[PDB]
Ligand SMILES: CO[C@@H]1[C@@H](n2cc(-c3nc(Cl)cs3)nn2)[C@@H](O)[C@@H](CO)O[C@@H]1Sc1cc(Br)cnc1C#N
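Given as structure tokens, the chain that follows is alone and in the form deposited without this ligand.
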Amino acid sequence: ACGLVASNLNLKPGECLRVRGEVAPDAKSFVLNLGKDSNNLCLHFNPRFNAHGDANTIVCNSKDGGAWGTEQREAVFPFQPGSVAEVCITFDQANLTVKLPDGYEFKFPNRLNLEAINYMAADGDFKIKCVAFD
């Protein structure tokens, strides 16, 4: 329930995006959506410190016009609650590259052929204080 929303970000492939923010002291739930339309998101992040009864578990999936989405499961968490961290996100038509402030890199195939990113929304226990383009 805490994250700024952006629009008109028209991001093309081959560009790097860096976001620096501060994770609340109670990092329990986060929601991210970066695509073009609300139901047409290319990437979705939803880490959960402890919801039903799990720990440091991350869910990642994509949606097309509210159709479906290949939701996977990532079990890596190089961050702690109440800690400032930056995440590098690169969206390319060939594939998606994402790196953490302290970890390796993970790529996800972009079944969609979107060449521009126009929708970017984030709301959760994470606080974004600045957005940088390339």
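Each residue number is its position in the shown sequence, starting from 1.
Heads up, the form deposited with this ligand bound isn't pictured, but that's what we're talking about next.
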Problem set entry | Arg48, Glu71 and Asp123 each touching this ligand in the deposited bound form (heavy atom, 4.5 Å) | yes
Exercise. Looking at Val84, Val31, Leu100, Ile58, which is the one with a non-hydrogen atom within 4.5 Å of this ligand in the deposited bound form?
Worked result: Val31
Exercise. Might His44 be said to contact this ligand in the deposited bound form, defining contact as any heavy atom within 4.5 Å?
Worked result: yes
Exercise. Which of the residues spanning 89-104 lie within 4.5 Å of this ligand in the deposited bound form, based on heavy atoms?
Worked result: none
